[PDB]
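Step one of this worksheet: look at the structure below.
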Amino acid sequence: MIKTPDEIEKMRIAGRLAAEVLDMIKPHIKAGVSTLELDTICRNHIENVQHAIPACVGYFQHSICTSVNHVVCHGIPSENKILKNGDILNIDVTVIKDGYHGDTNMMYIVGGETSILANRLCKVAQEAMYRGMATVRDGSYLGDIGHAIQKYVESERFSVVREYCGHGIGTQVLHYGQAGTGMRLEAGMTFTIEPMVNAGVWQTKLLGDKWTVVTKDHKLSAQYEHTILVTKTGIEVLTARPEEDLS
Ligand code: NA
C-alpha cells in the first residue's frame, strides 16, 4: 500500500487542486445562493480552469456534495436548497488529475455567524480531525486515529458517527477502536481522515433517495476531511489550505 514517488507527486497536485476548490468557493457562499449554484461553480472550476476531472465522471450527477445542518454527508446540490444566514454547510470534493485524486471537505458558516452550539460543533469537528492526524507517522497504528478522535469528541460532549473516520486513498475503511489496533502505518501510505461529529445522538439514517445521510435526531452534524501522506516523521497534508493553521 506504499505509493511510489511518481504516485505521490500526482497526489500532491490533485490534493492541491481539491484544496483550491474549497478556498475559491468561499466568496460565493452567502444567504440566497442555492447549493446547485455552488455545484456549477465548482464543476466549471475543476473541469475548465484546473483542467481536471470531478468525481461525477470517476469511480453521480454532481461535482460536489453540499451537506447542510442536520445532513451528515452526501447532500445533493439542488436549485431548491437555498442557504440562509446561520446555516452550516459542508462542501465535499474529490478532484481527479492524471489517474490520482485528492479528497477534502470543510465547513462554512453562512453569513459568518451562527449559534453558540453550531460554532462549537464546527470547531470541535475540525480539531477532532487534527487530533487524529496528529497520531500519524511511520510506525503508528491505524487505530490510534479513531481513538484520538473519539476520545476528544466525547470529551467535548458531542458524538462521533460510527460508520468510519477515514479511508485508504489511491486508485480500507478506518473504524473507531482501541489505540494500537489495526494496520501499522508506513511512510508512503495515503488515506483520508474525515470524522463526522453530531450534536446529538451518534445514529444516522439514510433518506428515501438512498443517498443523503442525516442525523437520526435531526440535530446538527459537522465534518472536515484531509488527504494525508504518511512520512518517516509525521504527515504531509496533501489537501492543506494555505491560510489553514496547522500550527
Ligand atoms: Na451537517
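As a convention, Cβ positions derive from the backbone with ideal geometry for all residues, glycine included, and neighbour counts pool all protein chains shown. We did not get these values from a lab; they are worked out from the coordinates using the rules stated.
Ordered by packing density, taken as the mean number of other Cβ atoms within 10 Å over each peptide's residues, highest first, how do 234-245, 109-120, 148-159 rank?
148-159, 234-245, 109-120
Using the crude model of +1 on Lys and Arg Cβ and -1 on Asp and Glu Cβ, and no other charge, please compute the dipole size for the chain relative to its Cα centre, in debye to 20.
520
Over the residues of the chain, compute the C-alpha Rg and express it relative to 2.2 N^0.38 Å.
Normalised Rg, Cα atoms only: 0.96.
Could you tell me which residue out of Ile228, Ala52, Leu83 lies farthest along the dipole of the chain toward its positive end? Charges go on the beta carbon: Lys and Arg +1, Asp and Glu -1, centred on the Cα centre.
In the chain, that residue is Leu83.
Could you state the number of Å between the C-alpha centres of region 99-146 and region 54-82?
19
Cβ under 13 Å from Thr192's Cβ, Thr192 left aside: what net charge do those residues give with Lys, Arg +1 and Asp, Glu -1?
With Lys, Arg at +1 and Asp, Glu at -1, the neighbours total -4.
Taking the beta-carbon count within 10 Å as an exposure proxy, list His70, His28 from fewest neighbours to most.
Starting with the residue having the fewest Cβ neighbours, the order is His28, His70.
With r as the distance between the Cβ atoms of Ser115 and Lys216 and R0 = 22 Å, compute the FRET efficiency 1/(1 + (r/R0)^6) and round to 0.05.
The value I calculate is 0.60.
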